[PDB]
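Below is one structure, written out as structure tokens; the observations come after it.
Heads up, the Cβs are rebuilt from the backbone with ideal geometry, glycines too, and the neighbour counts pull from every protein chain shown. The numbers here are math on the coordinates, done by the rules we state, and not lab data.
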Amino acid sequence: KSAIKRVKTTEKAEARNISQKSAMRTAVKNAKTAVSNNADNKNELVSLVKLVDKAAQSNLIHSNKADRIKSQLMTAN
Amino acid sequence: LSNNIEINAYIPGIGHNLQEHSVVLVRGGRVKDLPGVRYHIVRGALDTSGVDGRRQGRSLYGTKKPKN
Amino acid sequence: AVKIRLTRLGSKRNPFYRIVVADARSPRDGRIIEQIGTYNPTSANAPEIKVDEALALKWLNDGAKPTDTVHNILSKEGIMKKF
Amino acid sequence: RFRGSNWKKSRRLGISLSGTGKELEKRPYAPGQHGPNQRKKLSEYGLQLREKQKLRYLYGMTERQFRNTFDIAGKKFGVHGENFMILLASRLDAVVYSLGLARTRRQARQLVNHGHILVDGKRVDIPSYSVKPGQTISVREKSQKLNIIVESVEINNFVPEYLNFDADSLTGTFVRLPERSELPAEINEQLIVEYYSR
RNA sequence: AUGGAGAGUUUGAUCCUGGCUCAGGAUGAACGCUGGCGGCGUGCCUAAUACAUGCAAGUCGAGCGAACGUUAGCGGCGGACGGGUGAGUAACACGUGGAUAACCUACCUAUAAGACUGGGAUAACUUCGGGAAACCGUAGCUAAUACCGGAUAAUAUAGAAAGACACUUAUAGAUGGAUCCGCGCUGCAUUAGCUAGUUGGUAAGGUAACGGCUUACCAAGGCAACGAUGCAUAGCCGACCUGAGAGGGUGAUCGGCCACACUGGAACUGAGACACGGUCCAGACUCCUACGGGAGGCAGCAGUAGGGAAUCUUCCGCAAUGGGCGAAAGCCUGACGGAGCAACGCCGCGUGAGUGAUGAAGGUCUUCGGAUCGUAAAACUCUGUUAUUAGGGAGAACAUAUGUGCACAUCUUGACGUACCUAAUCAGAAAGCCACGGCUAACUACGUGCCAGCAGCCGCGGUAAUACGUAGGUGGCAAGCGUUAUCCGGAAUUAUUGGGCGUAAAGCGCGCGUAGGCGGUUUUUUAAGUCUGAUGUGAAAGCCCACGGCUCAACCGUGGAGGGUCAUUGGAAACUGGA
């Protein structure tokens, strides 16, 4: 009766539109592109702030994967 | 019997079943020094129970009609 | 949601419940995070409330309450009046 | 519990101890079939089984019903050999065989209603009563004076040890500790102390 | 050492090895039945037997649009969890440890956190052509603590939507999995062998991890006896019998885990699957039929059909114990509880004699000799323990004005409601079946007379079978009794305590040769070694030294005692086969 999304939702969270997941994948496609082109998107590492007004304000990515890119960023400055 | 098996069975006692082509329980026991038959046949068991002649058994050999 | 669930284990029709820091998603035999000895409600011996929640003091700060509605069972374990 | 003749207990067994004269009008020879022939010699396991059958007619509880009796005469700590004569006198027949109600054990088991039963409080209509230091196996208020309870009140003068009995009372509440050698000695002790163990 | 252990079988009796025909308990049982009353439990054991069903579990505004605390239905939220049967991994899969420089650690609630910053908008409402249902069309929309990244903290040294008189980065409180080795695993003689990046090398990545995963390349008869490699196939364990111990067994329970979900196969945004009733794809099935369709849990419950010598009702309730929904309240439950169920073991209150005429009216064997089925007995008294209506009432224990830091107040219960018992003291019945010459505690008359019976061992039947069948019986035991398949007494019987190196149970004719199984070498060694050492721990459906009562039954606390610990050398060398 109650839609499950806290227990075994491995395939329950993998059964709808992936447009937003694909759109977020295109935004994280410049991970090495901006680093190889020296973009200003990864500039000013005092913020990325990216822990005082980013994660909660507006964020929609992965966990461990993002954490890897959330280590060098938000701390470099 | 069942499972496509054929054995030289024999009805021990005086019981003379008169119902052919009918299932008959195989008495759990073999014969004693009898070249040919190597198995027994249980009296009654969805067939001719037997005769009421004997009354000293009242346990096996299709016994029934307890005298009072 | 993580209170002191009474682990119902032992023989049939006579489970020996043992108050332990368990979750609400794992009822009866689930997962104990902070075991608290065991409660004996046999009412035929002296040692009854033999709960050892010495390491359960950290549990009472972010997720700790009653699982099997045991107010008098937790009444003996008076570890409050200090906050 | 045996529902049979109580005169074959001194013929099939070798230790009856239930009546004075029994072979006076009978034939004290051997068994039944070969009663006019010679006797035999009890076997090692046979002697321990003969005593069990001898006590089977004596004790009210038979095989499985006397679980406690055999359990109290085996695992119980103490003289294991004489544990069959020590931890086995806690029945309700002992009170009737010490106060003067029933001379037999089978009649003593049926004397837990017609004779004294109210053991200072809760009574028991079984073959064994919980008579300990504080229990007074007496009669009831309506059954104070019975016919089988006050039968041999003067016929049975000599009483046994660890037992009490008076006129218009018959209430046993003396010593709780009994003797392990105050019973007939015809069966082996270590034999039943080992066979039972198995 | 609570301290096993019969025979026959072979002359006409025999000893002696040897094997079981056979002096017993057990029998998840059924059984032909003579199965008075019952506390408690198991019950398609024969059956992963096919399929009509009753059927998984509903909800929520402190945060939003009916007519009238949530009433509009969106959003938080178990379909995989309760469950069901166990064909399925001869093996970390489970049983069983430290662990992790093989390690992830999503997660669950408290505080930082200032409700910040880009927002339109969303189901309902509903403009709504038709369609037997088998689906497109006509389409505007309106919300909600539904909801949107960069510059100012976290491996640097490149913060929000809002709570009453909710909250977010950091993280804690908490939390689920992958892993090393030490442990459970059949033999083939009528098979005697198997891996080749077998054996180790480092580099394209990415997941619980190194990575022979692929990465460049790498050997010959090498691997393997550790039968790897073939099979055997089974859900694994906590367990109960057992020799007296020495030996030996080692799972029905009841819970953990490991599975499965017509059959397979490939993928699918929100928080940990292949999903017991979401997808798609195919296959052979299910059935009605508007020509199109629906598809199947009954692997959730109870049933129709299956053949079972061998097994539960298509019955009430959520008392309660639950958890999931859900400011409370509300609200969910063939999870679970209560009644039908059979000798399934019930063993006892257990059913009448205080008294008592040869106790017969004459029969049980009767050469009648007496006794007696017979201190059976009359007919009463006796024995209470049958009704007669009865009103009856521990796993799991604290609460609900708004007056109260793991403490708690006006105000929170029933699906019930007849143990032992000395009491009313009506009269409600322990019978039975078996051997009876026996072996083995047991019989008299007739009737039989190799006709039939009896018939484990004996055998009894061609005449005087009390062995047969009826009557009077007798030994046994216990509300009953004979039967069928399953361990151990029997007895060591691949010998292990429990085998010879000759008749027994035993001469390889193989005379010439290392299977490393094993066959004096003096002294001599540096410490293979016998008895001391980290001891915390010392737990346990474990024999707990006691521990609680249910009379006959399931009523359970003691981790130090308590063994079933978890000090037995680092060590004292003139010494199995090898000097």
- Residues of the stretch B:15-67 satisfying the condition of being more than 9 Å from RNA strand E (Cβ to nearest atom) and over 26 Å from B:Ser2 (Cα atoms): B:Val51, B:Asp52
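Out of curiosity, is A:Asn38 more than 6 Å from RNA strand E (Cβ to nearest atom), among the polar types (S, T, N, Q), more than 14 Å from chain C (Cβ to nearest Cβ) and surrounded by 12 or more Cβ atoms within 10 Å (Cβ to Cβ)? It would help to see each step written out before you state the result.
Details: more than 6 Å from RNA strand E (Cβ to nearest atom): yes; among the polar types (S, T, N, Q): yes; more than 14 Å from chain C (Cβ to nearest Cβ): yes; surrounded by 12 or more Cβ atoms within 10 Å (Cβ to Cβ): no.
No, not satisfied.
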- Return a yes/no flag: does the stretch D:147-163 have any residue that is within 26 Å of D:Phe84 (Cβ to Cβ) and loosely packed, with under 14 Cβ neighbours inside 10 Å. yes
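Are any of the residues in the stretch C:31-38 within 30 Å of A:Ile4 (Cβ to Cβ) and more than 6 Å from RNA strand E (Cβ to nearest atom)? Walk me through it before giving the result.
Of all residues in the stretch C:31-38, those within 30 Å of A:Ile4 (Cβ to Cβ) come to C:31-35.
Still in the list and also more than 6 Å from RNA strand E (Cβ to nearest atom): C:32, C:35.
Yes, there is a match, as at least one residue in the stretch C:31-38 is within 30 Å of A:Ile4 (Cβ to Cβ) and more than 6 Å from RNA strand E (Cβ to nearest atom).
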- Query: Which one of the conditions (1) buried (at least 21 other Cβ atoms within 10 Å of the Cβ); (2) within 13 Å of RNA strand E (Cβ to nearest atom); (3) not in a loop (DSSP other than H, G, I, E, B) does D:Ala94 fail to meet, given that it meets all the rest?
  - Reply: (2)
- Task: Any chance you could count how many residues in the stretch D:97-148 are under 25 Å from D:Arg67 (Cβ atoms) and in contact with a helix residue (DSSP H, G or I) (Cβ under 7 Å, 6 or more places away or on another chain)?
- Result: 10
- Filter result (surrounded by fewer than 17 Cβ atoms within 10 Å (Cβ to Cβ) and among the hydroxyl-bearing types (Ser, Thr, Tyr)) within the stretch D:170-194: D:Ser181
- How many residues does the stretch C:21-44 hold that are within 14 Å of another protein chain (Cβ to nearest Cβ) and either touching a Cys at 6+ places or on another chain (Cβ under 9 Å) or β-branched (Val, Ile, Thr) (or both)? 0
- Query: Quick check: anything in the stretch A:43-58 within 30 Å of C:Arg25 (Cα to Cα), away from chain C (no Cβ under 14 Å) and near RNA strand E (Cβ under 6 Å from one of its atoms)?
  - Reply: yes
- Query: Just checking, how many residues over the stretch D:33-83 are among the small types (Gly, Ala, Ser) and under 12 Å from D:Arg12 (Cα atoms)?
  - Reply: 1
- Out of C:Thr7, C:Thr69, sole residue that is of a type in the set (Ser, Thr, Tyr) and surrounded by 12 or more Cβ atoms within 10 Å (Cβ to Cβ): C:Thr7
- Here the residues within the stretch A:1-35 that are basic (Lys, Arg), more than 6 Å from RNA strand E (Cβ to nearest atom) and part of a loop (DSSP other than H, G, I, E, B) are A:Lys29, A:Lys32
